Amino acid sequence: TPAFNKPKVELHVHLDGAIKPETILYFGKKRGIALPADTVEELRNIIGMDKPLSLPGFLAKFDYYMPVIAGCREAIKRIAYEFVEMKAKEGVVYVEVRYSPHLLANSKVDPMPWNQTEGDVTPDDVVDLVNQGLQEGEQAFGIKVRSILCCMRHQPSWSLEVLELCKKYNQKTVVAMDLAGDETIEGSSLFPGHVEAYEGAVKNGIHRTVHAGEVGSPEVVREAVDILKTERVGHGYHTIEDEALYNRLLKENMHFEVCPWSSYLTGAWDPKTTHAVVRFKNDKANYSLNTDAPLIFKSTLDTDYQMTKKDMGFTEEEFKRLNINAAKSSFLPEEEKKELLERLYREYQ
């Protein structure tokens, strides 16, 4: 009984947020790097979230394990291959994985993430390494996987390079640019680096997606849409607070990348108020149902389906509808997007 035992499309999930506790454990020992536990189970309890934390609270969990992956070619390549494997088993036929190339490098990055020591794993190298892992998993498990590079809110110095990385690796997996991180940083959307990287994404035809409204007010969504030119909005739960904005976006067919479980666990969604996804569903909005960071929410793609099904009252007709909208809104080239639509319509028959 998996809520939606049919092909799915995932548009919103972070690679460094969907690693197997087993792989984390393996490289800790292998590199002699300290973890907060030496058992996959207790490692799941230190990293995982039980009840709602906050955004900065959730973001902190990465500290427990990122140091173990970063700077290790074998590790970056392996988590990528293993991610496809994970998604294949969830019955996902198309996925867009996102991650920050800088937070995994150890050379040519400033400031040095995780107190690393100069190495040879350059930000470019991590993109190439992940491509090889993703490509190898596509062949082995038979699914299509594409990737998105993330700009980090607190480091706009990195953004112009994320843009060049998206250009160099255009279609060689890289399909878009994301703006991720601590949304709570006042005006972090307007920082020049971010603004210029996005002005550049536009002139070079690089697809754009931006995390907004997960926790910030509607204005942050307005900045993403109007100033950064997002083609999609990660979360966007607060947009409904501005009926004007919302309705305008609704008429523009703006895609909202929803992650139900996630909103509850980051305190993004107050359990005492109707979920914005119920509105999106009811107004027939363009959106998708995503996992965001399974490792930290101790969740699976099914977790979210099961959630919208039990509470919120979603149905298979709706499940089928949103997955069709997710495919239409993918950052896939037309010919490939058509191919996806065909496949879903076939298996939905």
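Position 1 is the first residue in the sequence shown; the rest follow in order.
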Exercise. Taking the mean of the C-alpha B-factors per stretch from the entry, tell me the winner out of 134 to 142 and 180 to 188.
Key: 134 to 142
Self-check item: Mean Cα B-factor comparison, 45 to 53 or 284 to 292, giving the higher one as deposited
Solution: 45 to 53
Quiz item: According to the deposited entry, which of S107, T273, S147, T230 has the largest Cα B-factor?
Solution: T273
Practice problem: Determine which member of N170, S159, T122, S100 has the highest CA B-factor, using the values in the deposited entry. | Solution: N170
Self-check item: Chain-relative CA temperature factor third for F319
Solution: middle
Self-check item: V68, C-alpha B-factor rank within chain (lowest, middle or highest third)
Solution: lowest
Quiz item: Relative to the other modelled residues in the chain, which third contains the C-alpha temperature factor of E96: lowest, middle or highest?
Solution: lowest
Self-check item: Third assignment of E257 from its chain's C-alpha B-factors
Solution: lowest
Self-check item: Third of the chain's Cα B-factor distribution that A224 belongs to, per the entry
Solution: middle
